[PDB]
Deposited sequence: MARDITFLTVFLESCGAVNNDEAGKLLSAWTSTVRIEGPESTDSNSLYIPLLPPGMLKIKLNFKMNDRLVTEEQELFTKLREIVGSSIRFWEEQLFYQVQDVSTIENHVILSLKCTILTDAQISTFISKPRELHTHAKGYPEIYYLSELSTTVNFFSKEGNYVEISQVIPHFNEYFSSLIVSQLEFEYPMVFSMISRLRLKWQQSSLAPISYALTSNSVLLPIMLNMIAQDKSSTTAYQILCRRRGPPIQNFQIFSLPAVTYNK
């Protein structure tokens, strides 16, 4: 049971976690995806923190192209039920599952793993103690959930927390079956092309700031904006 838990970057002192349900050239795919944000802080504080957490629906719906369902709180958490808009179950089946069993041979297809939970453990240490101040945590909810996207979550998981890569996938997935249907009169190359699109590095946020920058207004990145 392989699990990956990102190291605690002390920006305040918090952590993360990616749970995977797979069997152990790979392709990572969203489940069917709940993002937990338990604070673990040893008032209305929980209410306002949940307000900031739920203020990111505009991000999750206009940048990552997700679909929020529940903002339920299981007694400690501020989880967000997220269902992918691009990688729907129909697409998940059609792109990879059909050739993964129809063309049964030593193909070399990428073994698809999964991921469901992203449990963040942001633990603030207020200078005055129990009391806090509002709008003072925006450059703390924006310099963690943007740094984590920039550093690794766009490299090792370019299908679930990548803005531009998912944008490209939803832009060019329509002409993804007829481009191999006209190349080998089959659909063998669909998993290979879908893995190559994820493996592309020229669509991550790292190689996108450093360019000629013809178009300014994209990748707002100002998530968890105060209402």
query	finding
Missing CA stretches, deposited numbering from 1, N-terminus first	1, 13 to 27, 41 to 44, 53 to 56, 67 to 73, 259 to 264
